[PDB]
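Chemist: The following file, structure27.pdb, comprises PDB, C-alpha atoms:
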```pdb
ATOM      1  CA  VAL A   7      57.704  98.391  15.946  1.00  0.00           C
ATOM      2  CA  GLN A   8      55.378  96.586  18.342  1.00  0.00           C
ATOM      3  CA  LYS A   9      55.707  93.425  16.246  1.00  0.00           C
ATOM      4  CA  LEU A  10      59.457  93.764  16.721  1.00  0.00           C
ATOM      5  CA  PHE A  11      58.803  94.433  20.415  1.00  0.00           C
ATOM      6  CA  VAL A  12      56.924  91.196  21.200  1.00  0.00           C
ATOM      7  CA  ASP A  13      59.660  89.276  19.359  1.00  0.00           C
ATOM      8  CA  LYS A  14      61.985  90.478  22.124  1.00  0.00           C
ATOM      9  CA  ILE A  15      59.469  89.432  24.814  1.00  0.00           C
ATOM     10  CA  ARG A  16      59.408  85.923  23.339  1.00  0.00           C
ATOM     11  CA  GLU A  17      63.171  85.483  23.672  1.00  0.00           C
ATOM     12  CA  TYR A  18      63.178  86.711  27.274  1.00  0.00           C
ATOM     13  CA  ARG A  19      60.761  83.940  28.248  1.00  0.00           C
ATOM     14  CA  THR A  20      62.848  81.242  26.564  1.00  0.00           C
ATOM     15  CA  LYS A  21      65.732  82.635  28.605  1.00  0.00           C
ATOM     16  CA  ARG A  22      63.502  82.211  31.665  1.00  0.00           C
ATOM     17  CA  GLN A  23      63.138  78.489  30.946  1.00  0.00           C
ATOM     18  CA  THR A  24      66.374  77.238  32.502  1.00  0.00           C
ATOM     19  CA  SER A  25      67.402  73.852  33.903  1.00  0.00           C
ATOM     20  CA  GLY A  26      71.206  73.979  33.970  1.00  0.00           C
ATOM     21  CA  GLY A  27      71.653  77.672  34.670  1.00  0.00           C
ATOM     22  CA  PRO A  28      74.382  79.380  32.634  1.00  0.00           C
ATOM     23  CA  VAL A  29      74.286  77.779  29.189  1.00  0.00           C
ATOM     24  CA  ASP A  30      76.629  80.235  27.428  1.00  0.00           C
ATOM     25  CA  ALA A  31      78.923  80.931  30.395  1.00  0.00           C
ATOM     26  CA  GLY A  32      80.418  77.476  30.871  1.00  0.00           C
ATOM     27  CA  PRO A  33      83.546  77.236  33.007  1.00  0.00           C
ATOM     28  CA  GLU A  34      84.574  80.820  32.208  1.00  0.00           C
ATOM     29  CA  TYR A  35      81.944  82.529  34.365  1.00  0.00           C
ATOM     30  CA  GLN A  36      82.055  79.721  36.931  1.00  0.00           C
ATOM     31  CA  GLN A  37      85.791  79.996  37.604  1.00  0.00           C
ATOM     32  CA  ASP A  38      85.624  83.797  37.598  1.00  0.00           C
ATOM     33  CA  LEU A  39      82.994  84.690  40.209  1.00  0.00           C
ATOM     34  CA  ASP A  40      84.041  81.823  42.473  1.00  0.00           C
ATOM     35  CA  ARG A  41      87.593  83.181  42.473  1.00  0.00           C
ATOM     36  CA  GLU A  42      86.386  86.789  42.560  1.00  0.00           C
ATOM     37  CA  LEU A  43      84.304  86.393  45.720  1.00  0.00           C
ATOM     38  CA  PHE A  44      87.014  84.365  47.474  1.00  0.00           C
ATOM     39  CA  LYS A  45      89.474  87.135  46.632  1.00  0.00           C
ATOM     40  CA  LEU A  46      86.938  89.572  48.091  1.00  0.00           C
ATOM     41  CA  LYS A  47      86.042  87.409  51.101  1.00  0.00           C
ATOM     42  CA  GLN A  48      89.754  87.258  51.917  1.00  0.00           C
ATOM     43  CA  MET A  49      89.539  91.049  52.152  1.00  0.00           C
ATOM     44  CA  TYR A  50      86.143  90.852  53.883  1.00  0.00           C
ATOM     45  CA  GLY A  51      86.655  88.481  56.820  1.00  0.00           C
ATOM     46  CA  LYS A  52      86.559  84.839  57.970  1.00  0.00           C
ATOM     47  CA  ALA A  53      83.030  84.574  59.377  1.00  0.00           C
ATOM     48  CA  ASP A  54      80.742  81.550  59.321  1.00  0.00           C
ATOM     49  CA  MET A  55      77.165  81.403  58.050  1.00  0.00           C
ATOM     50  CA  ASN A  56      75.448  80.779  61.400  1.00  0.00           C
ATOM     51  CA  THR A  57      78.096  80.952  64.171  1.00  0.00           C
ATOM     52  CA  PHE A  58      77.094  83.792  66.465  1.00  0.00           C
ATOM     53  CA  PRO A  59      80.069  85.385  68.260  1.00  0.00           C
ATOM     54  CA  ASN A  60      80.436  85.453  72.031  1.00  0.00           C
ATOM     55  CA  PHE A  61      83.486  86.250  74.151  1.00  0.00           C
ATOM     56  CA  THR A  62      84.727  88.046  77.253  1.00  0.00           C
ATOM     57  CA  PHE A  63      87.396  90.602  78.116  1.00  0.00           C
ATOM     58  CA  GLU A  64      89.726  91.090  81.070  1.00  0.00           C
ATOM     59  CA  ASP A  65      89.889  94.494  82.742  1.00  0.00           C
ATOM     60  CA  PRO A  66      93.098  95.864  84.300  1.00  0.00           C
ATOM     61  CA  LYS A  67      94.017  94.774  87.814  1.00  0.00           C
ATOM     62  CA  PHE A  68      93.635  97.935  89.891  1.00  0.00           C
ATOM     63  CA  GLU A  69      96.737  97.630  92.067  1.00  0.00           C
ATOM     64  CA  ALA A  70      97.879  99.863  94.922  1.00  0.00           C
ATOM     65  CA  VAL A  71     101.130 101.164  96.403  1.00  0.00           C
ATOM     66  CA  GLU A  72     102.417 102.399  99.755  1.00  0.00           C
ATOM     67  CA  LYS A  73     103.401 105.910 100.837  1.00  0.00           C
ATOM     68  CA  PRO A  74     104.245 106.672 104.485  1.00  0.00           C
ATOM     69  CA  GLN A  75     102.837 110.043 105.487  1.00  0.00           C
ATOM     70  CA  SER A  76     101.743 110.890 109.053  1.00  0.00           C
TER
ATOM     71  CA  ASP B   5     163.383 148.648 157.201  1.00  0.00           C
ATOM     72  CA  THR B   6     165.860 145.986 156.110  1.00  0.00           C
ATOM     73  CA  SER B   7     163.256 144.207 157.914  1.00  0.00           C
ATOM     74  CA  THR B   8     164.023 140.700 159.308  1.00  0.00           C
ATOM     75  CA  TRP B   9     162.943 137.247 160.261  1.00  0.00           C
ATOM     76  CA  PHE B  10     159.852 136.737 158.033  1.00  0.00           C
ATOM     77  CA  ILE B  11     157.498 134.628 160.281  1.00  0.00           C
ATOM     78  CA  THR B  12     154.882 137.335 159.640  1.00  0.00           C
ATOM     79  CA  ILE B  13     152.887 138.304 156.567  1.00  0.00           C
ATOM     80  CA  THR B  14     153.150 135.203 154.351  1.00  0.00           C
ATOM     81  CA  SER B  15     150.690 133.154 156.398  1.00  0.00           C
ATOM     82  CA  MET B  16     148.254 136.042 156.140  1.00  0.00           C
ATOM     83  CA  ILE B  17     148.413 136.122 152.333  1.00  0.00           C
ATOM     84  CA  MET B  18     146.842 132.747 151.608  1.00  0.00           C
ATOM     85  CA  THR B  19     143.839 133.505 153.749  1.00  0.00           C
ATOM     86  CA  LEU B  20     143.344 136.403 151.348  1.00  0.00           C
ATOM     87  CA  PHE B  21     143.194 134.047 148.377  1.00  0.00           C
ATOM     88  CA  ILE B  22     140.120 132.492 149.900  1.00  0.00           C
ATOM     89  CA  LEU B  23     138.474 135.910 149.707  1.00  0.00           C
ATOM     90  CA  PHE B  24     139.393 136.905 146.161  1.00  0.00           C
ATOM     91  CA  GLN B  25     138.373 133.533 144.787  1.00  0.00           C
ATOM     92  CA  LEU B  26     134.997 134.057 146.419  1.00  0.00           C
ATOM     93  CA  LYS B  27     134.118 137.494 145.073  1.00  0.00           C
ATOM     94  CA  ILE B  28     135.477 137.264 141.531  1.00  0.00           C
ATOM     95  CA  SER B  29     134.011 133.791 141.060  1.00  0.00           C
ATOM     96  CA  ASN B  30     130.517 135.296 140.938  1.00  0.00           C
ATOM     97  CA  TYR B  31     130.909 137.361 137.783  1.00  0.00           C
ATOM     98  CA  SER B  32     128.983 137.364 134.525  1.00  0.00           C
ATOM     99  CA  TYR B  33     130.260 137.047 130.991  1.00  0.00           C
ATOM    100  CA  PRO B  34     128.414 138.865 128.203  1.00  0.00           C
ATOM    101  CA  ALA B  35     129.397 136.161 125.716  1.00  0.00           C
ATOM    102  CA  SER B  36     127.660 133.293 127.519  1.00  0.00           C
ATOM    103  CA  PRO B  37     124.374 135.119 126.888  1.00  0.00           C
ATOM    104  CA  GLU B  38     124.825 134.902 123.108  1.00  0.00           C
ATOM    105  CA  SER B  39     125.220 131.115 123.276  1.00  0.00           C
ATOM    106  CA  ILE B  40     121.805 130.285 124.756  1.00  0.00           C
ATOM    107  CA  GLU B  41     120.034 131.928 121.809  1.00  0.00           C
ATOM    108  CA  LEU B  42     121.664 129.477 119.393  1.00  0.00           C
ATOM    109  CA  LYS B  43     120.433 126.200 120.900  1.00  0.00           C
ATOM    110  CA  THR B  44     116.859 127.482 121.202  1.00  0.00           C
ATOM    111  CA  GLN B  45     116.776 128.046 117.438  1.00  0.00           C
ATOM    112  CA  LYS B  46     117.950 124.563 116.449  1.00  0.00           C
ATOM    113  CA  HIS B  47     115.629 122.791 118.896  1.00  0.00           C
ATOM    114  CA  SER B  48     112.344 124.188 117.574  1.00  0.00           C
ATOM    115  CA  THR B  49     113.640 123.808 114.014  1.00  0.00           C
ATOM    116  CA  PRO B  50     114.150 120.100 114.686  1.00  0.00           C
ATOM    117  CA  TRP B  51     110.779 120.112 116.453  1.00  0.00           C
ATOM    118  CA  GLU B  52     109.297 121.585 113.280  1.00  0.00           C
ATOM    119  CA  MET B  53     111.237 118.870 111.455  1.00  0.00           C
ATOM    120  CA  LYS B  54     109.587 116.464 113.892  1.00  0.00           C
ATOM    121  CA  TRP B  55     106.320 118.098 112.834  1.00  0.00           C
ATOM    122  CA  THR B  56     107.339 117.935 109.169  1.00  0.00           C
ATOM    123  CA  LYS B  57     108.054 114.231 109.661  1.00  0.00           C
ATOM    124  CA  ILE B  58     104.649 114.140 111.352  1.00  0.00           C
ATOM    125  CA  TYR B  59     103.409 115.361 107.979  1.00  0.00           C
ATOM    126  CA  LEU B  60     105.843 113.396 105.797  1.00  0.00           C
TER
END
```
Could you write out this file's structure as structure tokens?
Modeler:
Amino acid sequence: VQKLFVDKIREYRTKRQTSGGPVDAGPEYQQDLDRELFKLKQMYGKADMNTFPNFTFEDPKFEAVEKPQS
Amino acid sequence: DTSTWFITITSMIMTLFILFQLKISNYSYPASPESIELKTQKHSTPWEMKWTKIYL
């Protein structure tokens, strides 16, 4: 069964030799995972690839009142 | 008796009503003493209200 085994190892290395990527997928796997990630990134969040976030916040204005005693 | 002539006593009666209005004028009424205890209570209560306003 080792002679059957190396026959499998041959066909993995011809699958390693790629130049156009998915040969058997075609437009079916290309339209799927592009629409699948964009449906998941819409649930994930709108964040850029290199834009680091920076912002500031405003604290509450500590006001005062009057009370006449003594 | 049925006496006469009247020039007497009546001029000696109004001198007497300078005496009786001198003695009886210096009397004391028990009631006036119960009135001075009332105004002493309301004055210090308003003074405590002046001290309460000195707090508030």
Chemist: Apply the ChimeraX specification (/B :<12) & /A to the displayed file and report the matching residues as a list in words.
Modeler: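 When the ChimeraX specification (/B :<12) & /A is applied, the selected residues are residues 73, 74, 75 and 76 of chain A.
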Chemist: Print the selection's residues with C-alpha atoms to a file, as a PDB file, in the coordinates of the input.
Modeler:
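What ended up in again-v8.pdb:
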```pdb
ATOM      1  CA  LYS A  73     103.401 105.910 100.837  1.00  0.00           C
ATOM      2  CA  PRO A  74     104.245 106.672 104.485  1.00  0.00           C
ATOM      3  CA  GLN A  75     102.837 110.043 105.487  1.00  0.00           C
ATOM      4  CA  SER A  76     101.743 110.890 109.053  1.00  0.00           C
TER       5      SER A  76
END
```
Chemist: I'd like the box whose edges run along x, y and z of the file and which contains every listed atom of stretch 12-22 of chain A, padded by 8 Å per side; could you state its centre and edge lengths in Å, one decimal, as AutoDock Vina command-line options?
Modeler:
```
--center_x 61.3 --center_y 86.2 --center_z 25.5 --size_x 24.8 --size_y 26.0 --size_z 28.3
```
Chemist: In Å, with one decimal, what is the gap from atom CA of residue A:41 to atom CA of residue A:57?
Modeler: 23.8 Å
Chemist: Have a look at atom CA of residue A:48 and atom CA of residue A:27 and let me know their distance in Å, one decimal.
Modeler: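 Straight-line distance from atom CA of residue A:48 to atom CA of residue A:27 works out to 26.8 Å.
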Chemist: At what distance in Å, to one decimal, does atom CA of residue A:30 lie from atom CA of residue A:42?
Modeler: 19.2 Å
